[PDB]
Every structure is written in C-alpha cells, then in structure tokens.
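Proteins get letters first, then strands, A, B, ... in listed order; numbering begins at 1 in each. The figures that follow rest on heavy atoms only: side chains count, while hydrogens, waters and symmetry mates do not.
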Amino acid sequence: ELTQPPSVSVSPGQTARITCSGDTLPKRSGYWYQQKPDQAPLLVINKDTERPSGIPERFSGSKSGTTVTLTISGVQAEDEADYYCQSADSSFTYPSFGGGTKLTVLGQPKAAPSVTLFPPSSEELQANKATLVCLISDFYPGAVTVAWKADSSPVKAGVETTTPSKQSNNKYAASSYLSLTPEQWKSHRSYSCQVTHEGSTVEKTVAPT
Amino acid sequence: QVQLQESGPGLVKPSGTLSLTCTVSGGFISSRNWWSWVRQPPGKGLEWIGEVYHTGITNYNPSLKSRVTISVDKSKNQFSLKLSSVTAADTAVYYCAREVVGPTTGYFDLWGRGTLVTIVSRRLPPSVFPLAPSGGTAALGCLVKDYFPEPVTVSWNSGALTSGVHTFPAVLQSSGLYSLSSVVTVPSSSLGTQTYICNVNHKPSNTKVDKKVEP
Ligand SMILES: CCC(=O)N(c1ccccc1)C1(C(=O)OC)CCN(CCc2ccccc2)CC1
C-alpha cells in the first residue's frame with residue numbers, strides 16, 4: 001500500500017529527497033526510519049514532520065496529502081542507509097511499510113586495491129583438493145576484474161569471484177577462488193592472480209612449497 | 001530507559017516452531033504501549049508479525065495469522081512469539097519492538113537488537129583450512145570452504161584480536177555452496193611469538209572449530 005523508490009543517489013553536501021506515496025498517509029500519517037547494516041531501524045521523523053531530539057537537524061520531513069517526503073540536507077557519507085516509510089492501513093488495524101529506499105552517497109575518492117594471494121593449505125592438499133584464494137580490499141569505485149594465470153597461460157575454468165561489496169570504511173572488497181587438482185597445482189611453476197581496476201593492474205604469484 | 005532484548009533458538013527445523021522471547025528491562029510490560037514483533041529476511045524489507053497489549057489482547061498480520069502466537073508474561077516482564085509450521089520463507093532477523101498507539105495512528109519507538117533465526121533443511125559442514133603467512137606486515141587467515149546454509153561467524157583469538165581483521169563476504173559457488181575467507185593483517189615481527197587461532201562457527205551444521213594458523 002506504501003510506495004517508495006528502491007534507490008536514491010546523491011553527492012556529498014547535496015540534498016536527498018525520498019518520497020513515500022499512499023492513500024492512508026493523510027489520516028494515518030507517515031513515519032520515517034533509518035536502518036544501517038546489522039542494526040535495528042531508528043526513527044528519524046515522527047508524524048510527518050517532527051524530528052526526534054538526537055536526530056541531526058539536517059533531517060526534515062514534509063507532507064503533501066497522499067505523499068510524504070524525507071529530506072536530508074548536506075548529505076554525509078554516514079547517511080548512507082536504507083530508509084523506510086511507515087503508516088497504517090485504512091481501517092487502522094495493521095501497520096504498513098514501504099519497501100525501503102537505499103540511499104547511496106557518491107563522490108568517494110578513487111582508491112587502488114590491495115591484493116593478497118594464498119596458496120593451497122597442506123591440510124587441503126591432503127584432502128586431495130586445492131584452492132587458491134585471491135583477496136582484494138580497499139578499492140573504489142566498486143568494479144574490478146580478476147584474471148588467473150597458470151605460469152603465464154590464462155585459466156578460465158574453476159574460477160569463482162564475488163561481486164564487490166562495500167566495507168565498513170566505505171571502500172569495496174572482493175574475493176576470487178581458483179579450484180585446482182593437487183596434480184595441476186604441483187605441475188606448474190606458479191599461479192598468479194591479476195587484479196585490474198580503472199586500467200591499472202596488481203599481480204600476486206604463489207608457487208608450490 | 002526501556003531496553004528490549006530477544007532470545008531463543010537461532011535454528012529451527014522445517015515444519016517446526018520458532019520461539020523467541022523479548023525481555024523488557026527498565027520499565028513495565030504494563031503501560032499504554034503495545035508490544036510487537038517485526039521481521040526482515042536477509043536483504044529484504046520489514047514485515048510486521050503482530051502486536052500484543054499487556055492485558056493479552058493480540059492482533060496479527062493476516063497473512064501469518066494462523067501460525068502466530070504472541071503472549072505476555074508480566075511476572076517475568078517479557079513477551080514472546082511462536083511461529084508454527086515454519087518454511088524457508090521464515091528465515092529472517094526477528095526484532096521485538098515497542099509501539100506508540102494513539103486513537104488514529106501508531107509507530108515504533110523502540111527496537112531490540114534483532115536475532116537471526118534460520119530454518120535449516122539441507123546443510124553441509126565446511127572444511128576449515130589455515131591460510132599460513134621479512135619486515136613490514138603479514139597476512140594470514142582462515143578459509144571456510146563449502147558450507148550451507150549461511151551464515152558462518154569468524155573471530156580471532158576468541159575475540160581478543162580485532163584490529164586488522166577482515167572477514168570477507170562469502171562467495172556463492174556454482175555448486176550452490178558458500179565459501180568465505182577471513183584475514184588478519186599483523187606485524188611480521190609477532191609471527192614467531194604470537195599464536196593466532198581463528199574461531200569458526202557454522203551453527204546450522206554444528207561445525208565449531210578453533211584452527212591454529214602457523215607458518
Ligand atoms: C483494544 C483493540 C485495539 O485497540 N486494536 C485492535 C483492533 C482490532 C483487533 C485487535 C486489536 C488496535 C487499535 O484499534 O488501536 C488502538 C488495532 C491497531 N493496532 C495498531 C496497529 C499499528 C501498529 C504499529 C504502527 C501502526 C499501526 C493497535 C491496536
């Protein structure tokens with residue numbers, strides 16, 4: 001019953017507008033909650049326009065009949081979060097929630113990835129398996145490509161790579177796993193993980209003990 | 001101030017009953033507020049389950065209403081949720097919450113910290129492998145390979161080591177199994193002298209391992 005956009009993006013210091021639409025808003029009012037990862041929701045606007053004490057003054061709310069709006073002025077990186085609007089149904093029997101709006105704050109400074117590459121553990125080799133682990137951290141923007149090499153030949157099979165995900169310091173992290181047989185691992189002189197980010201490359205190499 | 005805290009089993013078998021309790025501290029269950037349960041499947045939105053008044057009157061989400069029991073116990077200053085005949089759709093973080101209810105409107109003014117409850121059907125225990133590590137810093141870690149379902153928790157040295165710890169998001173492999181790695185960045189000088197143990201817990205398969213990571 002309550003409609004909000006799934007995403008909104010703004011640059012640092014700009015103003016973000018998040019709207020919520022629903023026929024019950026005039027009579028049942030709207031309430032706005034902020035939710036950060038691994039945290040419970042936090043009420044940021046009470047009854048359309050009231051700001052709770054303890055909420056920064058840059059949060060404000062407005063009402064426009066079947067629509068209510070959360071406005072965040074001078075948006076900061078710390079405001080990146082999910083925002084939920086909430087009302088009640090027309091019979092005042094049940095609460096209603098919007099789907100949530102993810103607010104993304106752009107303009108973060110470019111950052112090159114750090115790469116760590118681990119060879120197979122002795123325990124894993126004894127299990128007749130081999131996994132190489134390439135860990136990529138602290139980069140921005142959140143797009144990277146990973147290329148594996150056996151000696152100097154490309155390896156495409158057996159590669160599993162995550163989609164980059166934002167860390168608690170607002171930079172991105174990703175990981176890539178290469179599965180090999182122990183025979184493959186011992187046959188070649190080395191294996192490499194090549195990580196490309198904004199046209200620049202970092203390469204790590206490991207070799208059998 | 002009033003504080004709310006959920007407790008109860010984090011794992012439920014399919015068709016079993018989820019059971020959670022909210023302990024209210026710093027105030028009385030008896031008050032003008034209503035008490036409620038809200039859940040949030042990983043990566044999804046909020047869904048209200050139901051509410052209870054201190055006298056016992058209840059009101060539930062009609063889409064769940066046949067499977068929901070919400071009760072109050074003033075002697076213990078707690079309220080509880082039972083959700084019967086669970087399926088995978090019921091895996092979520094469950095929050096207890098306090099509602100402020102007026103004649104024509106209501107909202108949520110206080111939340112517990114949330115507790116994940118996972119309905120576990122198929123499961124697979126991971127293998128846990130050390131990632132062994134001159135000057136400068138050194139990286140060492142633990143690989144938690146091929147588990148299902150999520151999640152796994154990783155800590156280091158029983159939680160005494162937090163600085164430099166980076167537990168990476170899990171990868172969903174083409175096999176439909178998860179893997180993840182956790183890495184600690186430590187001074188190379190502390191290697192020969194400091195012991196590093198990764199504490200892995202995959203509760204759905206009761207895989208609880210403390211793995212020593214040595215050169
Ligand atoms: C004594 C009967 C009674 O009071 N109520 C009631 C009505 C029918 C059946 C059972 C109980 C309610 C009511 O009418 O509000 C006084 C129905 C609505 N509930 C609020 C829903 C809500 C929660 C959170 C945010 C927004 C909305 C509160 C109780």
Side-chain angles (χ1 to χ4, degrees), chain A residues 2-22 25 29-37 39-49 51-56 58-64 67-77 79-87 95-107 109 111 137-143 163-166 168-174, chain B residues 38 40-47 93 95 97-98 100 107-112 114 166 169:
Chain A
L2 274 193
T3 286
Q4 46 184 134
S7 50
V8 177
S9 54
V10 297
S11 295
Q14 291 183 336
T15 300
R17 276 183 56 94
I18 305 185
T19 60
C20 185
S21 305
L25 289 169
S29 297
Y31 302 84
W32 289 97
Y33 303 84
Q34 177 190 67
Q35 186 180 37
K36 280 159 188 210
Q39 300 194 348
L42 168 79
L43 181 72
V44 293
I45 292 296
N46 190 336
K47 197 142 190 223
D48 312 291
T49 56
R51 193 182 53 260
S53 89
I55 301 301
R58 68 185 176 272
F59 288 78
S60 65
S62 58
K63 41 183 308 283
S64 305
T67 294
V68 294
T69 306
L70 177 60
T71 294
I72 307 176
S73 61
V75 163
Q76 324 255 327
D79 301 323
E80 205 170 84
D82 287 327
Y83 291 89
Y84 290 95
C85 49
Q86 173 252 306
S87 184
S96 52
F97 280 108
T101 301
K102 176 38 172 143
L103 181 64
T104 289
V105 177
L106 289 174
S137 43
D138 283 336
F139 56 97
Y140 193 98
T163 284
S165 147
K166 217 167 188 107
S168 66
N169 73 353
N170 241 342
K171 295 166 181 73
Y172 279 94
Chain B
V38 178
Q40 182 170 47
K44 302 302 163 113
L46 304 159
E47 175 187 41
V93 178
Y95 294 94
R98 188 179 59 192
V100 172
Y107 66 98
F108 304 86
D109 81 328
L110 176 74
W111 299 76
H166 189 174

Note to self: With a 4.5 Å cut-off on side-chain heavy atoms, are B:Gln40 and A:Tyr84 touching?
What the structure shows: yes
Next item on the list: Determine the minimum heavy-atom distance between A:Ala40 and B:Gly112, stating which atoms define it.
Entry: CB-O, 3.3 Å
Check: Tell me, do B:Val38 and B:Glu47 make a side-chain contact under 4.5 Å, heavy atoms counted?
Finding: no
Note to self: Rounded at 0.5 Å granularity, tell me how far CG in A:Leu42 sits from CG in B:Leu110.
What the structure shows: 11.0 Å
Next item on the list: For A:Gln34 and A:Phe59, work out which heavy atoms get closest and say how close.
Entry: NE2-CZ, 3.8 Å
Check: Any side-chain heavy atom of B:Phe108 sitting closer than 4.5 Å to one from A:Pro95?
Finding: yes
Next item on the list: Grab the two heavy atoms, one from A:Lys36 and one from A:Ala81, that are nearest each other, plus how far apart they are.
Entry: CG-CB, 3.9 Å
Next item on the list: State the NZ-CG distance between A:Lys63 and A:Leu25, to the nearest 0.5 angstrom.
Entry: 9.5 Å
Notebook entry, point to check: Within the side chain of A:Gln4, is there an N or O that forms a donor-acceptor pair under 3.5 Å with the backbone of A:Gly100?
Noted result: yes
Notebook entry, point to check: If only atom types and distance count, is the side chain of A:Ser29 paired as donor or acceptor with the main-chain N or O of A:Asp48 below 3.5 Å?
Noted result: no
Margin query: If you compare all heavy atoms of A:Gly74 against all heavy atoms of A:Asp79, which two are closest, and at what distance to 0.1 Å?
Written below: O-OD2, 4.4 Å
Check: Quick one: does A:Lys47's side chain get under 4.5 Å of A:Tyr31's, heavy atoms only?
Finding: yes
Margin query: Can you tell me how far apart OH (A:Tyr172) and OG (A:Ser137) are? Round to the nearest 0.5 Å.
Written below: 15.0 Å
Margin query: So which atom in A:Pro41 and which in B:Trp111 form the shortest heavy-atom distance, rounded to 0.1 Å?
Written below: O-CD1, 3.4 Å
Check: Do the side-chain N and O atoms of A:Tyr33 and A:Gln86 include a donor-acceptor pair separated by under 3.5 angstrom?
Finding: yes
Margin query: Between B:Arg98 and B:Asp109, does any NZ, NE, NH1 or NH2 come within less than 4.0 Å of an OD or OE carboxylate oxygen?
Written below: yes
Next item on the list: Nearest 0.5 Å please: distance from the OG atom of A:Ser87 over to the CG atom of A:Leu2.
Entry: 5.5 Å
Item checked: Heavy-atom closest pair, residues A:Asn170 and A:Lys166 -> OD1-CE, 2.6 Å
Item checked: A:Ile45 and A:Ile55, any side-chain heavy atoms less than 4.5 Å apart -> no
Checklist line | Atom pair OG/CG of A:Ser62 and A:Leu70 - distance to nearest 0.5 Å | finding: 8.5 Å
Notebook entry, point to check: So among A:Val10, A:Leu106, A:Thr15, which one has a side-chain contact (heavy atoms from CB on, under 4.5 Å) with A:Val75?
Noted result: A:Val10
Item checked: Spacing of OH belonging to A:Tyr83 relative to CG belonging to A:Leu103, to within rounding of 0.5 Å -> 5.5 Å
Next item on the list: Mark yes when over 12 heavy atoms from residues, nucleotides or ligands other than B:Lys44 sit less than 6.0 Å from its NZ; otherwise mark no.
Entry: no
